[PDB]
Structures are given as structure tokens and as C-alpha cells.
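Report on the structure given below.
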RNA sequence: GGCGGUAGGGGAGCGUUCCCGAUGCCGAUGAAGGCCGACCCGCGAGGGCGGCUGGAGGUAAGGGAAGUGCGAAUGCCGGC
RNA sequence: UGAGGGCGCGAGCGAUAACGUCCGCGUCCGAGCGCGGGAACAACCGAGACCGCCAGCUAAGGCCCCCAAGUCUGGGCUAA
RNA sequence: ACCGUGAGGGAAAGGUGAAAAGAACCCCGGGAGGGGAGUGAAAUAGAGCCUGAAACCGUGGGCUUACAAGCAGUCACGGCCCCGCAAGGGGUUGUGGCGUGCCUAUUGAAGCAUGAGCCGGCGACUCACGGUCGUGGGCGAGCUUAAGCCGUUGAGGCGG
Ligand SMILES: [Mg+2]
Ligand SMILES: [Mg+2]
Ligand SMILES: [Mg+2]
Ligand SMILES: [Mg+2]
Ligand SMILES: [Mg+2]
Ligand SMILES: [Mg+2]
Ligand SMILES: [Mg+2]
Ligand SMILES: [Mg+2]
Ligand SMILES: [Mg+2]
Ligand SMILES: [Mg+2]
Ligand SMILES: [Mg+2]
Ligand SMILES: [Mg+2]
Ligand SMILES: [Mg+2]
């Protein structure tokens, strides 16, 4: 009962090609090259799916910081009042109401200058 | 087996970008004073002759 | 009219009249659920307390399932540790009705 | 059949290191751990087949799929001199049947029967018993099957 | 999802630098380029504003840097490390006394030498009256 | 309708004729000929016995007129190759690839 | 409540070749194999589905036997 | 598995040198070259990664710009 | 065949079609090779003629590139072309975030430590006997056969 290779070894190399689509030169047609750059991706995609928030976590703040300093106060001084107001609402994204109607946020600012000064 | 040596198999673009300077200039030509033929500058066409220097062929 | 809402560990900015994906909840896929957890108002209604005072937003479900299976292959270099794994992330094809209270 | 001679020295060669061409790493040379011929038999205790002989017989009795016989319109040699016997007994080609008898005539009368396999009174192979969906046997059997156990 | 605009109209700015401390001035300028003074800040599309800083030969800096700080330029040849002081430039090229400071605060990618384009620092003053001249102080 | 003709199996390396074919491409046949008949190469001859033979069967088999057609598309691929050895030095034997070709020329219709 | 993980240990599975299952069944209204796909099942190795090509074998559910799963060995053959 | 290595410490050797070595305790890399600060930097600092989410609290470390966060308040200090 | 004086070493290479019915004839052309017509169920079965992958070469088309610093990818957004029904999806990438290839040995890597040009196939814990543990089944003061002998020929029974 002999069982040569046959189908098995090829179909797999076709799947790696299937995920190596648009990879420069040999990196998408040479098999044991495509095997490699897939290793980094699934790692590169892992870490960055952990990172994509911290990216936006940072971006939101600057926009927020851009807003508060347009009333005349810093981001550090902005947040505290909100926290002093105990408002677990402000998903740092949802503070994007600087081009999503501003008085909705412009009057979040004055509810900060209260409980501190 | 000798001296300097390529290190890495030269890639495709690599190989190909060198080869832009290799495409052929198509031949420039004029038409014969008499013949309705196409012919180089400063030449004598392989059918006609001239008017101060023969070439006249045969049937 | 600004309709904020906070469900499944994340909040969102809703204007009333289109669909949304949110995580599941112990519900039958053909009904309508209430989120008395609400924030704000498009005519300016700040909330000194976190959660509003009793207001709400009404949303209609649709079904369940998954969007994309996203492969999660973990490979540690050097040390023969490759893993091949993926999953589906279910959700609720959620349709929001009103902001009534 | 290849010889036993190094292919090219390993020292100062450029290529790898190698030897005789029976080496499985090559091609066409030798097999690795190929399947040389060998027996598969053993010695299963008789008390497993003895009891194993009984178990299967009742299995057809437990389902009724049994019949001892003694009377035959086909005590001679003709496949036609049997299928009518089956007609007058109850075998309408619906389901398979194993047959036992000590008469080498009835076997002929069904040795060409696709749904009826011959069987001598002795080698009641539990394979063919469980193979066929119904069983038939005779007293000429039910004295040795009895002398086995009974 | 997140807010991103589509079209963006920029705005220009007028700034002087008489008595303005050198570095602290040019610091806000970079922020004023990288429009993080714009809640519609965009981390790639280059929304940077256009700062037109008239006058600079009258720029002063803390300490004795006028006779102490030197800038470096490297040709490639030996003996190429050209060490130019903050004084000799404040005499025939007082225009790049700020430039080779903001580029020191602009980011590193290709967007930098786009942001730095959206800014010119003459020393006159009274620059080419293009149009609007938003003098922010 | 396009008309085609391949000169299978032509002992000339591809890298050579591709330089030539890539000159009559898009040119009208009249110029294509005058281009070829004065193109100091070697592939120019092989095209001629496959061009005017591809413009031929655009007439003797595909009822078109030569007075109109144009170089629609023209390409060449790579056939096999005879293998010959090259006694290099000190006993080395480095083979050599004498390459053939597969010159392919198709022609269309100007107007009408 | 725990679930990073090398040598190593245990458990679970997918695939290939062949046999019982078969004088069975699927197959000319197109099998095995090869090109695709953004469809579906599975976390998986994999299994189904639509299209193209090919042209004659292929074999379920439960058991059994293996020459059984490749990315490297300056591995071997061939081609490039 | 029985070649280990780093750092803090207590010794010996060494020149109260060695990113040198031999020991003891402990820690960590090896097996955590997976994350954050240390510009970079296996073992220095924080912190054990089952997967997903454009959610919130934090440690180290940081808050003028690249670079997210006070050119924060009060009090002194230094002109290199 | 080929190598070696010599003993001796010692390969590669099967596949049209059921039937040659294998292209008469015409045309380009020196021929080779092709176009057409025709046989054939099929010439996309054309005489290295079943299937035809992969490396490798080229033509056509969609996206991009001549202010840019790069294990060549990942994440985000926009942009171009295409599919599609809301919405969504495919292919490309301009900008921004991060990003020190694989295996093996090494305490130790990104490495100036081994190895691989690439692709496709062959290729690496099986077997026999005895024995320890585990487990599944048979009998249970018992348990069990070996050579061999009767018989269909992929049947077993005796044999202590
Ligand atoms: Mg945060
Ligand atoms: Mg705002
Ligand atoms: Mg709610
Ligand atoms: Mg998933
Ligand atoms: Mg042999
Ligand atoms: Mg040797
Ligand atoms: Mg088979
Ligand atoms: Mg760091
Ligand atoms: Mg945990
Ligand atoms: Mg900042
Ligand atoms: Mg051989
Ligand atoms: Mg919608
Ligand atoms: Mg291979």
C-alpha cells in the first residue's frame, strides 16, 4: 500500500499564494517566500489591531485639546472638571462634537470651569 | 569559478530598467526623386539609379 | 437630535434613523429593546450625572450571525511556534426606532 | 542493483556529500522502511470463536432470520430446482442469504446465485454469517454445530 | 466612526518677531503648521496654515548665542563640516535663522517639506501684500 | 477581423526579435515593410516571411484587402531550445542555450 | 477560577494509498485531476457550492492496514 | 536536562581594572527577540499577551515641536 | 547509448485517436512554419499528438511611480478602476502610525555563525522475536497452544 504525495503538497502552496496576493515580486509567487511574509503579517496585524485604538486614542485627544484651547483652557484642565462632574460618558471619540454641532460641546466646557475655580 | 561576483540574483525590474536604453531607433528614410520608392538619405535606390551615376538593374 | 447611547462596553453617536452593529444580548432576534442608558440631546441636554435622568432610546433588532472571519495566526519567530486560528465576532443587526421618554 | 561506490569525493567537491546510490535520499536507489513481505495471522483463542460462533447464530434467531431445513425439492443438481424451493419456502430475492448443507448438489443449484453464497457445514465463518442478511442451515450441520457446542 | 473632512480651506497668518524670543516663538509656529489648533486636525492630508513672518534680523535669543551658537553644514568632502555661527547668518542670511529651526520641529516624513513650504520668513518688513494678513499675536 | 500567422520554431533567441517586433507594432503595413526592409538586424528577415505571410492570409483566406490593413498586435514567445556544450577550460563543460522563437503577428482593418 | 511558552508529557482531530462494506451505489444529463471565487460549514489541519477545462473512473456512514502530510539536509532527478 | 547567561548583593582571584573568571542568595533572558519608558539596546523600569471591539482606570516613565499630556501654581538656585 | 585501456560503472525515454479516416487541394514562403478547406464526436486530440500545475518568458488591459531613504509588510483614511440592491464588495496605493527576513546550533541575535537561486516530484521511527506498563475483550484454579493432520479454495476443525 503505497501512498505517494500527489494532491496534498500542491494545494497548500496555492493557499499561501492565495494570501500572498499583491506581494512584491517573488514574495507572492515563490512559495517558501510567501510562507515568510505571511508570518510577519499575522504578527504585524496582531500588534496593530491592539494598536489601532492607541492611534485613535491619541488622535481624539489632540482634537479635544484643539477644542479646549479654543475656549481658552488646556486639555488637562478640561478633563478634570468633567471628571469632577463625574461623567463617565465622554468616550474620547464622542468628544468629536467640534464639527458635530459645537454648542453641544462648547457648553460642555463651561460645565468644567465650575468645579475647580 | 572566479573573481568579483554578483551577490544576489538581480531582480526583474532591476534587469529590465537597465534595458530601456536598448529599444531600436526605427530607420529614417526619404522617397526617391523619380521612383515612388522609399530610400535612405544620400543614397541610390535598389531599383532606379540616378541622373549622374547609374545603378540601373534588369528584369 | 443627538442620540448618544452606551451598550456592550462601547457608546455611540446615533441620529435616529438607520441601522447599527452592536454586540449580542440575551434576547430573541425578533423584538425591540430599550436603552434607558442615554446621553445628551441635539437641542443641548448635558448630563451632570453620568447616565441621564430616566430618558431612553428604543431600538429594533433583526438577526444575528457574523461579519468577517478574521484570521488570527500567532507565530513566534525562531521557536517553531506557529498557530493558525480565526473566529467570528457576532453582533446585532440593530435598528433604532425612537428616543421616546 | 546499483553498486557500492562513492559518487564523488566529499573533500574539495563544491556539491554536498554522498555515497552509494542505493541511498534513499537520492532517487531510484533504495526504499526507506518499505513493506517487506510478512504474515498477518495469529492465534485467536478458540473460546472466542466458539462463543463467537454461537453469538451470531442466535443473532439471526433473536431476529428470526433463521431456518433449519431437511426437505428439498432440490436434492439434485439444478439452479431451477431450488429457486422454486425458495419460492415455496420464503426467499423472494429481497435480502441476502447464507446457505449451509452437506449436499454438494444444492450448492450447484445456487452456486451461481448472486444473493446466496455457498458454505460447507464446517467453516461457519462469522464473516459470511454477519455478511449475509439471513441464514439457512441443515441438520447435517446441526450435528457438528452441536458437536462444537450443543 | 471618526470624523474626517473632505475639502479644506486654509488660512494665512501674519506674525512679527521683534523682541520675540527665538525658539519659543518658532515653536508655536510648527504647531501652527501641523494644524493641531484645528479640531478638524488631520494626520496626513496636510491642512497646515501659511505663516508669513515679517522681519527677523531683529530677532534676539537668550544668552550670548549670537556669539556662541554655530550651525553645521556638511558638503561631503573632507574639511566640509562648515560651522557657521548665529551672527554671520544674522547679517547676510537672517532668513534661515528660523527655517533651520522649524524644520527641527516639523515631523520627519515627506509631509514635512510640504508643511515647511506653507511658510515664508522675510526680514524687512512689509512683505508682498498678497491679500489677507491675519496678524495673530 | 484580425488575421494571424505564427512561424513556429525559429532558431533565433527571443530577446533579439522582441527588439524588432517592438517597432512595427501600431505602424501601418506600408511603413512596417519599409521599416523592416531597411532594419539592419537579423530578425527583420524572419518577420518578412511571417508578416507578408500574415498579411497574405489576410487576403488569400480571410477576405480582406491589403490596401488598408494595419499592424493590429504582434508578439513572440519562447519555444524550447537545443542544448550544446561549451568546452570552457580545465575540463569544465558549460552547456549553451541556442534559443528558438515563436513570432506571432496579427493585423486588422483601418476603417470601413 | 485558569488558558505566553522551547526541550518533553497526555488528549483530540483533518488529509493521502489500499481492504470489508460491493454481483452496492454515483458517473456520458461528464468521474478522478487541473484553473478560478468576494459563497457556506470548521477556531483548525480540512469538508461542501457556482463557473471553466478534462474525458472514465470514483466510492458514503461504521471497522481495518499503511511506503502516509515537507521549507531547507552546500538533500537527489528534471526544468527554468 | 545535566555547556547556560544577565543584574542587584557577600566574598576569592585580578591591579579595591577588565561588557574578565570561580562561588552563595534572589531575580529575570533562555522558554517572554510578544507590549510600553530607557532615541536605538535579550534579561534596567513596568507589566504574564486565549481571541475581538475606533470603550474606560493605570505602573514605569513623561506633559514646548517630531511626541499623546500644564510653556500649571507657589518658593529658592545657576550665567556656564 | 555514454564514461573507462581495463575490469567495471550505467542512465533518460510510455500514452493522438476506437478507427490514420493523418490533412487532397489552394495561398505566403527557399524550405521549415503557418492561414483556409476538408476527415474526425472533438484538431481548443496535429504526429514527443491523454491530462496540463509551478518555476521562467512575452502581448493586451485597470491602479501607480521621475522630492525620495526602503525584510518590501500591517493598520487608518482618502483617491482610481471595476462588481454589486440599500448598504456593501474586489483590485491598486498617496499620505500618516508601527515594523531588525526563515530554519539550525547557539546563553546570545537583525547580523560579520550553518544552510538554501526558484519551482515541481523521491526522501526520513515501520517490521520480526522476546519483555515491562497501560488498556479492550475470552475463560476463570485454571488459561493456552506450536509444528503438523481432514476440506471449499480468501471456510474452519482437530492437534495438550
Ligand atoms: Mg485613553
Ligand atoms: Mg469639539
Ligand atoms: Mg441606551
Ligand atoms: Mg475572527
Ligand atoms: Mg534494481
Ligand atoms: Mg571523499
Ligand atoms: Mg485513486
Ligand atoms: Mg523603547
Ligand atoms: Mg488574563
Ligand atoms: Mg502636545
Ligand atoms: Mg537515475
Ligand atoms: Mg444604512
Ligand atoms: Mg518543493
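Note: ideal-geometry Cβ built from the backbone for every residue, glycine included; neighbour counts use all protein chains shown. Where a number appears in this text, it was derived from the coordinates with a stated rule and is not lab data.
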What percent of all Cα-Cα pairs in the stretch F:2-110 falls into each 10 Å bin, going from 0 up to the bin containing the maximum distance? 15, 41, 24, 11, 6, 2, 0
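Arrange D:7, F:35, A:79 by Cβ neighbour counts within 10 Å, fewest through most, would you?
Numbers: D:7 14, F:35 23, A:79 18.
Final ranking by Cβ density, sparse to dense: D:7, A:79, F:35.
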Which angle between 0 and 90 degrees, to the nearest 10, do you get for helix A:7-19 versus the longest principal axis of chain A when only C-alpha atoms count? 30
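Per residue of B:25-31, count partner chain C-beta atoms within 10 Å of its C-beta, then hand back the mean as an integer. Provide the component values of the computation, followed by the final result.
On the way: counts 1, 9, 9, 1, 5, 0, 1.
The shielding value for this peptide is 4.
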With a cut-off of 8 Å between alpha carbons and a minimum separation of six or more residues, what is the relative contact order of chain A in percent? 18
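Neighbour counts of other C-beta atoms within 10 Å: give me F:50, F:59 arranged from fewest to most.
Numbers: F:50 21, F:59 14.
Taking fewest neighbouring Cβ atoms as first place, the list is F:59, F:50.
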Length-normalised contact order of chain F in % [C-alpha pairs under 8 Å, at least 6 apart]: 42
Relative to chain E, whose Cα atoms define the longest principal axis, helix E:22-33 and its Cα axis are tilted in degrees, nearest 10, by 30
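Can you classify chain C as rounded, prolate or oblate using the Cα gyration tensor, where a ≥ b ≥ c are the square roots of its eigenvalues, rounded means a/c under 1.5, and otherwise it's prolate if a/b beats b/c and oblate if not? Working shown, then result.
Working: a/c = 3.40, a/b = 2.07, b/c = 1.64.
Cα axes put chain C in the prolate bin.
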Cβ-based exposure ranking for A:96, E:16, in which fewest neighbours within 10 Å come first: E:16, A:96
Gyration tensor (alpha-carbon) shape descriptor, chain A, a/c threshold 1.5: prolate
What 222 nm value per residue comes from the helices of chain F, counting each DSSP H run with n ≥ 4 as -39,500 (n - 2.57) and dividing by all residues, nearest 500 deg cm²/dmol? -7500 deg cm²/dmol
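Computed over the Cα atoms of the protein assembly as shown, what is the convex hull's projected area averaged over all directions, in nm²?
Values: hull surface 297.6 nm².
Its average projected convex-hull area is 74.4 nm².
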For the stretch D:32-83, shape from the Cα gyration tensor axes a ≥ b ≥ c, cut at a/c of 1.5 then a/b versus b/c, turns out oblate
If I fit a long axis through the Cα atoms of helix D:46-62 and take the longest principal axis of the Cα atoms of chain D, what angle between them do I get, 0 to 90°, rounded to 10? 50
